[PDB]
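Student: mmCIF, C-alpha atoms, file input_31.cif:
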```cif
data_work
#
loop_
_atom_site.label_atom_id
_atom_site.label_comp_id
_atom_site.auth_asym_id
_atom_site.auth_seq_id
_atom_site.Cartn_x
_atom_site.Cartn_y
_atom_site.Cartn_z
CA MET A 1 2.47 -5.88 -11.22
CA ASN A 2 6.06 -7.05 -11.90
CA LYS A 3 7.03 -8.44 -15.37
CA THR A 4 4.02 -6.67 -16.97
CA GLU A 5 4.90 -3.39 -15.20
CA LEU A 6 8.50 -2.79 -16.36
CA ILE A 7 8.89 -5.14 -19.41
CA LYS A 8 6.01 -3.04 -20.88
CA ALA A 9 7.05 0.33 -19.32
CA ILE A 10 10.76 0.36 -20.21
CA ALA A 11 10.05 -1.22 -23.66
CA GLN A 12 8.34 2.12 -24.39
CA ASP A 13 11.87 3.67 -24.68
CA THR A 14 14.63 0.98 -24.46
CA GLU A 15 13.43 -2.68 -24.56
CA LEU A 16 11.42 -1.64 -27.71
CA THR A 17 10.10 -5.19 -28.29
CA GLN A 18 10.08 -8.74 -26.82
CA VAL A 19 13.83 -9.49 -27.25
CA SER A 20 15.33 -6.20 -25.86
CA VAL A 21 12.81 -5.94 -22.98
CA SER A 22 13.16 -9.59 -21.85
CA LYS A 23 16.95 -9.01 -21.48
CA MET A 24 16.21 -5.99 -19.23
CA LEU A 25 14.27 -8.06 -16.63
CA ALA A 26 16.92 -10.83 -16.54
CA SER A 27 19.60 -8.05 -16.51
CA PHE A 28 18.32 -6.18 -13.40
CA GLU A 29 18.48 -9.50 -11.49
CA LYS A 30 22.18 -9.17 -12.47
CA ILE A 31 22.36 -5.36 -11.80
CA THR A 32 21.74 -5.74 -8.09
CA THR A 33 22.59 -9.34 -7.05
CA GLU A 34 26.26 -8.48 -7.69
CA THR A 35 25.84 -5.29 -5.61
CA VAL A 36 23.55 -6.42 -2.67
CA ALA A 37 25.65 -9.55 -1.95
CA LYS A 38 29.09 -7.86 -1.87
CA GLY A 39 28.65 -4.29 -3.13
CA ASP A 40 25.10 -3.69 -1.61
CA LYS A 41 25.83 -0.01 -0.70
CA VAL A 42 24.85 1.95 -3.87
CA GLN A 43 22.99 4.90 -5.46
CA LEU A 44 21.26 4.58 -8.89
CA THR A 45 20.44 7.88 -10.67
CA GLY A 46 18.06 9.11 -7.91
CA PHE A 47 16.02 5.91 -8.39
CA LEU A 48 17.73 3.36 -6.03
CA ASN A 49 20.05 4.06 -3.03
CA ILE A 50 20.60 0.53 -1.64
CA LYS A 51 21.47 -0.07 2.05
CA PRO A 52 20.65 -3.62 3.30
CA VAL A 53 21.42 -5.70 6.44
CA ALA A 54 21.67 -9.23 7.88
CA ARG A 55 21.01 -10.77 11.09
CA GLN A 56 22.87 -14.07 11.02
CA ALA A 57 21.57 -17.46 12.19
CA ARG A 58 19.42 -16.78 15.30
CA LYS A 59 16.55 -18.92 13.87
CA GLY A 60 13.59 -18.82 16.32
CA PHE A 61 10.64 -16.72 15.07
CA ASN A 62 8.23 -16.38 17.98
CA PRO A 63 5.35 -18.46 19.41
CA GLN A 64 2.94 -18.03 16.42
CA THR A 65 4.45 -18.07 12.82
CA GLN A 66 5.92 -21.53 13.71
CA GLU A 67 9.80 -21.68 14.26
CA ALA A 68 10.68 -19.31 11.51
CA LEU A 69 11.17 -15.50 10.95
CA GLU A 70 13.52 -14.55 8.05
CA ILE A 71 16.78 -14.83 10.02
CA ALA A 72 19.63 -17.11 8.85
CA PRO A 73 20.49 -15.62 5.49
CA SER A 74 20.66 -11.93 6.55
CA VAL A 75 17.39 -9.95 6.95
CA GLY A 76 16.32 -7.72 3.97
CA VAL A 77 17.15 -4.44 2.14
CA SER A 78 16.50 -0.79 3.16
CA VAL A 79 16.46 1.61 0.18
CA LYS A 80 15.71 5.30 -0.46
CA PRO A 81 14.94 6.93 -3.83
CA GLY A 82 13.77 10.56 -4.24
CA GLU A 83 14.63 13.79 -6.19
CA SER A 84 12.79 12.70 -9.36
CA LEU A 85 10.38 10.33 -7.54
CA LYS A 86 10.15 12.87 -4.64
CA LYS A 87 8.73 15.74 -6.79
CA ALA A 88 6.32 13.13 -8.24
CA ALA A 89 4.47 12.06 -5.00
CA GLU A 90 3.85 15.80 -4.29
CA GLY A 91 0.48 16.49 -5.96
CA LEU A 92 -1.23 13.34 -7.49
CA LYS A 93 -2.23 10.69 -4.87
CA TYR A 94 -1.20 13.19 -2.21
CA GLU A 95 -4.32 15.08 -1.06
CA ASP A 96 -5.29 11.67 0.56
CA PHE A 97 -1.95 11.82 2.40
CA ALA A 98 -2.13 14.85 4.76
CA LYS A 99 -5.92 15.47 5.01
CA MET B 1 27.82 6.88 -10.34
CA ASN B 2 24.26 7.47 -11.67
CA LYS B 3 24.99 7.61 -15.47
CA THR B 4 28.20 5.50 -15.65
CA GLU B 5 26.65 2.91 -13.27
CA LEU B 6 23.46 2.18 -15.27
CA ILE B 7 24.64 2.94 -18.89
CA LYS B 8 27.72 0.59 -18.70
CA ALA B 9 26.60 -1.97 -16.05
CA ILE B 10 23.09 -2.82 -17.33
CA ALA B 11 24.27 -2.39 -20.99
CA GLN B 12 26.41 -5.54 -20.45
CA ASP B 13 23.31 -7.67 -21.34
CA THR B 14 20.38 -5.35 -22.26
CA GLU B 15 21.20 -1.64 -23.00
CA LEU B 16 23.82 -3.02 -25.51
CA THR B 17 25.36 0.44 -26.13
CA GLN B 18 24.79 4.16 -25.37
CA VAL B 19 21.53 4.40 -27.41
CA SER B 20 19.80 1.48 -25.61
CA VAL B 21 20.63 2.33 -21.91
CA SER B 22 20.42 6.09 -22.54
CA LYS B 23 16.71 5.54 -23.42
CA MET B 24 16.39 3.47 -20.20
CA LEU B 25 17.73 6.38 -18.03
CA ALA B 26 15.66 9.26 -19.45
CA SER B 27 12.80 6.68 -19.42
CA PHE B 28 13.19 5.69 -15.71
CA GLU B 29 12.31 9.38 -15.16
CA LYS B 30 9.18 8.50 -17.20
CA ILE B 31 8.84 5.10 -15.38
CA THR B 32 8.21 6.47 -11.90
CA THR B 33 6.64 9.98 -12.51
CA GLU B 34 3.35 8.28 -13.49
CA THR B 35 3.47 5.88 -10.53
CA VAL B 36 5.18 7.90 -7.69
CA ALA B 37 2.85 10.89 -8.31
CA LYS B 38 -0.54 9.07 -8.47
CA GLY B 39 0.28 5.32 -8.54
CA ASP B 40 3.23 5.52 -5.99
CA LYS B 41 1.93 2.30 -4.36
CA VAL B 42 3.84 -0.25 -6.53
CA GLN B 43 6.25 -3.21 -6.78
CA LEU B 44 9.10 -3.31 -9.38
CA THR B 45 9.69 -6.95 -10.48
CA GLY B 46 11.27 -7.87 -7.11
CA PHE B 47 13.62 -4.84 -7.17
CA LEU B 48 11.75 -1.78 -5.87
CA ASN B 49 8.52 -1.62 -3.75
CA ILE B 50 7.50 2.09 -3.69
CA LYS B 51 5.42 3.75 -0.91
CA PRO B 52 5.45 7.57 -0.49
CA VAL B 53 5.47 9.58 2.75
CA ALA B 54 3.97 13.04 2.05
CA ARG B 55 5.17 15.72 4.47
CA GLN B 56 5.23 19.53 3.82
CA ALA B 57 1.76 20.66 5.02
CA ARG B 58 1.00 24.29 4.07
CA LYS B 59 -2.16 25.54 2.27
CA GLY B 60 -1.99 29.41 2.30
CA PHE B 61 -4.06 31.22 4.97
CA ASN B 62 -2.67 34.71 4.14
CA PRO B 63 0.68 36.58 4.35
CA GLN B 64 0.64 36.29 8.17
CA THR B 65 1.01 33.02 10.13
CA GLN B 66 3.56 32.45 7.21
CA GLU B 67 1.20 31.83 4.15
CA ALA B 68 0.34 28.15 4.98
CA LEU B 69 -2.24 26.78 7.57
CA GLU B 70 -2.84 23.14 6.47
CA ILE B 71 -1.83 20.57 3.76
CA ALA B 72 0.83 21.06 0.99
CA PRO B 73 2.89 19.33 -1.76
CA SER B 74 4.57 16.98 0.72
CA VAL B 75 6.79 13.83 0.06
CA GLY B 76 9.94 11.73 0.14
CA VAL B 77 9.75 8.26 -1.46
CA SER B 78 10.25 5.30 0.95
CA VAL B 79 11.00 1.91 -0.65
CA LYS B 80 11.73 -1.67 0.41
CA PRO B 81 13.22 -4.05 -2.17
CA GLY B 82 12.42 -7.78 -2.00
CA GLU B 83 13.78 -11.19 -0.90
CA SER B 84 15.73 -11.41 -4.25
CA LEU B 85 17.96 -8.38 -3.51
CA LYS B 86 18.41 -9.37 0.16
CA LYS B 87 18.84 -13.02 -1.00
CA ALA B 88 22.16 -11.65 -2.31
CA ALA B 89 22.63 -9.81 1.09
CA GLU B 90 22.83 -13.32 2.72
CA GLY B 91 26.55 -13.30 1.70
CA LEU B 92 28.89 -10.36 2.56
CA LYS B 93 26.79 -7.50 4.06
CA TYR B 94 25.03 -10.50 5.62
CA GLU B 95 28.30 -10.94 7.59
CA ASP B 96 29.64 -7.63 8.95
CA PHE B 97 26.27 -6.05 9.60
CA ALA B 98 26.84 -8.30 12.72
CA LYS B 99 28.71 -5.48 14.51
#
```
Taking this structure as input, can you express it in the form of structure tokens?
Tutor:
Amino acid sequence: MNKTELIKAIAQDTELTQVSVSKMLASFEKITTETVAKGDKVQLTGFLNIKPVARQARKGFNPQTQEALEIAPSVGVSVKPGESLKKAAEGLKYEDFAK
Amino acid sequence: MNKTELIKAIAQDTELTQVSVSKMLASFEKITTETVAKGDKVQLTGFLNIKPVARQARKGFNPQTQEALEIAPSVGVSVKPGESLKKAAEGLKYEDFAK
């Protein structure tokens, strides 16, 4: 789902075994966190075009998810991949997608 | 930009030198293709949550309406990263998003 997914996956080529792969996971935490915080705006080999946002300290969810929402340390990230990924989604889970 | 970004940046810890990362680039082509195509629905260790949006629509009625009719190889990958990436976006994009 997460560590199983890409520590296994990418170890197939790079990350060959436990030591290389384990670096990779702890190294993508470092790939972005530098970017998102200051350098957020990015494109990553047709795999990750990062474009995030805040919305400051409004703090006041609603009248339901008790005094909350995710608003005081920014808001989230909005990202677009494609090209490679794009051609992929074409034909394999897709006939359930247009009907 | 694409190659220079990943190869150097992520090589700092994992991807030691050209051999290591270089596998990781040609392999990220092989990381998604499987998923995006059929398994598109996915989360990437709190980095990349994939979810496709198929949209071409065109079977092939005849050389007339425009060879098409109904549903086709359709897609552009839509992705939302997670609280870890935007946890970093609580700093500097956090700020000037404001206006």
Student: How many Å separate CA of residue 56 (chain B) from CA of residue 80 (chain B)?
Tutor: 22.4 Å
Student: Take the PyMOL selection byres ((chain B) within 6 of (chain A)), apply it to the structure above, and return the hits as an mmCIF file with C-alpha atoms, in the frame of the given file.
Tutor:
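The new file part.cif reads:
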```
data_model
loop_
_atom_site.group_PDB
_atom_site.id
_atom_site.type_symbol
_atom_site.label_atom_id
_atom_site.label_comp_id
_atom_site.auth_asym_id
_atom_site.auth_seq_id
_atom_site.Cartn_x
_atom_site.Cartn_y
_atom_site.Cartn_z
ATOM 1 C CA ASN B 2 24.260 7.470 -11.670
ATOM 2 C CA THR B 14 20.380 -5.350 -22.260
ATOM 3 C CA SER B 20 19.800 1.480 -25.610
ATOM 4 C CA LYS B 23 16.710 5.540 -23.420
ATOM 5 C CA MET B 24 16.390 3.470 -20.200
ATOM 6 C CA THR B 33 6.640 9.980 -12.510
ATOM 7 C CA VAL B 36 5.180 7.900 -7.690
ATOM 8 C CA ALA B 37 2.850 10.890 -8.310
ATOM 9 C CA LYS B 38 -0.540 9.070 -8.470
ATOM 10 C CA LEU B 44 9.100 -3.310 -9.380
ATOM 11 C CA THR B 45 9.690 -6.950 -10.480
ATOM 12 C CA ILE B 71 -1.830 20.570 3.760
ATOM 13 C CA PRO B 73 2.890 19.330 -1.760
ATOM 14 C CA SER B 74 4.570 16.980 0.720
ATOM 15 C CA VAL B 75 6.790 13.830 0.060
ATOM 16 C CA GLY B 76 9.940 11.730 0.140
ATOM 17 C CA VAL B 77 9.750 8.260 -1.460
ATOM 18 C CA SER B 78 10.250 5.300 0.950
ATOM 19 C CA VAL B 79 11.000 1.910 -0.650
ATOM 20 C CA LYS B 80 11.730 -1.670 0.410
ATOM 21 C CA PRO B 81 13.220 -4.050 -2.170
ATOM 22 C CA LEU B 85 17.960 -8.380 -3.510
ATOM 23 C CA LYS B 86 18.410 -9.370 0.160
ATOM 24 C CA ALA B 88 22.160 -11.650 -2.310
ATOM 25 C CA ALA B 89 22.630 -9.810 1.090
ATOM 26 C CA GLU B 90 22.830 -13.320 2.720
ATOM 27 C CA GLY B 91 26.550 -13.300 1.700
ATOM 28 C CA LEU B 92 28.890 -10.360 2.560
ATOM 29 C CA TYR B 94 25.030 -10.500 5.620
ATOM 30 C CA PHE B 97 26.270 -6.050 9.600
#
```
Student: To one decimal in Å, tell me the separation between CA of residue 17 (chain B) and CA of residue 18 (chain A).
Tutor: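 Atom-to-atom, CA of residue 17 (chain B) to CA of residue 18 (chain A), that is 17.8 Å.
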Student: I need the residue set behind the PyMOL selection byres ((chain A and resi 59) around 8) for this file; please write it as a list in words.
Tutor: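 The output of the PyMOL selection byres ((chain A and resi 59) around 8) on this file is residues 57, 58, 60, 61, 67, 68, 69, 70, 71 and 72 of chain A.
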Student: How would the residues just picked look written out with C-alpha atoms as a PDB file, keeping the file's coordinate frame?
Tutor:
```pdb
ATOM      1  CA  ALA A  57      21.570 -17.460  12.190  1.00  0.00           C
ATOM      2  CA  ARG A  58      19.420 -16.780  15.300  1.00  0.00           C
ATOM      3  CA  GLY A  60      13.590 -18.820  16.320  1.00  0.00           C
ATOM      4  CA  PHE A  61      10.640 -16.720  15.070  1.00  0.00           C
ATOM      5  CA  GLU A  67       9.800 -21.680  14.260  1.00  0.00           C
ATOM      6  CA  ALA A  68      10.680 -19.310  11.510  1.00  0.00           C
ATOM      7  CA  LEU A  69      11.170 -15.500  10.950  1.00  0.00           C
ATOM      8  CA  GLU A  70      13.520 -14.550   8.050  1.00  0.00           C
ATOM      9  CA  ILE A  71      16.780 -14.830  10.020  1.00  0.00           C
ATOM     10  CA  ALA A  72      19.630 -17.110   8.850  1.00  0.00           C
TER      11      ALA A  72
END
```
Student: Any chance you could build region 61-85 of chain A out to N, CA, C and O atoms and write it as a compact mmCIF listing (two decimals), in the coordinates of the input?
Tutor:
```txt
# COMPACT_ATOMS: atom_id res chain seq x y z
N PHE A 61 11.67 -17.78 15.27
CA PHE A 61 10.64 -16.72 15.07
C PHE A 61 10.02 -16.03 16.30
O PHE A 61 9.67 -14.87 16.17
N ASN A 62 9.47 -16.83 17.22
CA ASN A 62 8.23 -16.38 17.98
C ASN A 62 7.54 -17.56 18.71
O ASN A 62 8.10 -18.63 18.80
N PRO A 63 6.27 -17.35 19.03
CA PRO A 63 5.35 -18.46 19.41
C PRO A 63 4.03 -18.21 18.64
O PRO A 63 3.03 -17.78 19.19
N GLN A 64 4.09 -18.37 17.33
CA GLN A 64 2.94 -18.03 16.42
C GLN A 64 3.17 -18.39 14.94
O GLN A 64 2.39 -19.15 14.38
N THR A 65 4.15 -17.80 14.28
CA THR A 65 4.45 -18.07 12.82
C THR A 65 5.40 -19.29 12.70
O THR A 65 6.53 -19.16 12.27
N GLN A 66 5.03 -20.37 13.33
CA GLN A 66 5.92 -21.53 13.71
C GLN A 66 7.43 -21.45 13.34
O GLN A 66 7.77 -21.26 12.20
N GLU A 67 8.28 -21.73 14.32
CA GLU A 67 9.80 -21.68 14.26
C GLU A 67 10.35 -21.26 12.92
O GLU A 67 10.23 -21.99 11.95
N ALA A 68 10.58 -19.95 12.84
CA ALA A 68 10.68 -19.31 11.51
C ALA A 68 11.33 -17.92 11.46
O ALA A 68 12.55 -17.85 11.45
N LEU A 69 10.57 -16.84 11.26
CA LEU A 69 11.17 -15.50 10.95
C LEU A 69 12.07 -15.63 9.71
O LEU A 69 12.27 -16.72 9.20
N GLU A 70 12.62 -14.53 9.24
CA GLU A 70 13.52 -14.55 8.05
C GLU A 70 14.94 -14.22 8.53
O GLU A 70 15.48 -13.15 8.26
N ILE A 71 15.48 -15.09 9.36
CA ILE A 71 16.78 -14.83 10.02
C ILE A 71 17.72 -16.05 9.99
O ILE A 71 17.74 -16.88 10.88
N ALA A 72 18.56 -16.07 8.98
CA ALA A 72 19.63 -17.11 8.85
C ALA A 72 20.47 -16.77 7.62
O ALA A 72 21.68 -16.70 7.74
N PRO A 73 19.78 -16.32 6.59
CA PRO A 73 20.49 -15.62 5.49
C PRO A 73 20.17 -14.12 5.54
O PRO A 73 19.31 -13.63 4.82
N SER A 74 20.86 -13.39 6.40
CA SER A 74 20.66 -11.93 6.55
C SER A 74 19.21 -11.60 6.87
O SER A 74 18.63 -12.32 7.66
N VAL A 75 18.77 -10.39 6.57
CA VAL A 75 17.39 -9.95 6.95
C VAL A 75 16.58 -9.33 5.80
O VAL A 75 15.42 -9.69 5.66
N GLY A 76 17.12 -8.40 5.04
CA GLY A 76 16.32 -7.72 3.97
C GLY A 76 17.13 -6.54 3.40
O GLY A 76 18.32 -6.44 3.65
N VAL A 77 16.47 -5.65 2.69
CA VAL A 77 17.15 -4.44 2.14
C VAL A 77 16.38 -3.18 2.55
O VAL A 77 15.16 -3.17 2.57
N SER A 78 17.11 -2.12 2.82
CA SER A 78 16.50 -0.79 3.16
C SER A 78 17.00 0.20 2.11
O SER A 78 18.19 0.30 1.89
N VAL A 79 16.08 0.79 1.37
CA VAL A 79 16.46 1.61 0.18
C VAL A 79 15.67 2.91 0.13
O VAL A 79 14.51 2.96 0.49
N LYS A 80 16.33 3.95 -0.33
CA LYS A 80 15.71 5.30 -0.46
C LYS A 80 15.92 5.83 -1.89
O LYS A 80 17.06 6.06 -2.27
N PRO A 81 14.84 6.14 -2.56
CA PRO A 81 14.94 6.93 -3.83
C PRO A 81 14.60 8.39 -3.51
O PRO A 81 14.63 8.78 -2.35
N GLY A 82 14.21 9.16 -4.50
CA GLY A 82 13.77 10.56 -4.24
C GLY A 82 14.01 11.46 -5.46
O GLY A 82 13.71 11.06 -6.56
N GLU A 83 14.40 12.69 -5.20
CA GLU A 83 14.63 13.79 -6.19
C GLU A 83 13.58 13.78 -7.30
O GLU A 83 12.60 14.50 -7.25
N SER A 84 13.77 12.90 -8.25
CA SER A 84 12.79 12.70 -9.36
C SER A 84 11.49 12.18 -8.76
O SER A 84 10.48 12.87 -8.72
N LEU A 85 11.55 10.98 -8.22
CA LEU A 85 10.38 10.33 -7.54
C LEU A 85 9.77 11.29 -6.51
O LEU A 85 8.57 11.49 -6.48
```
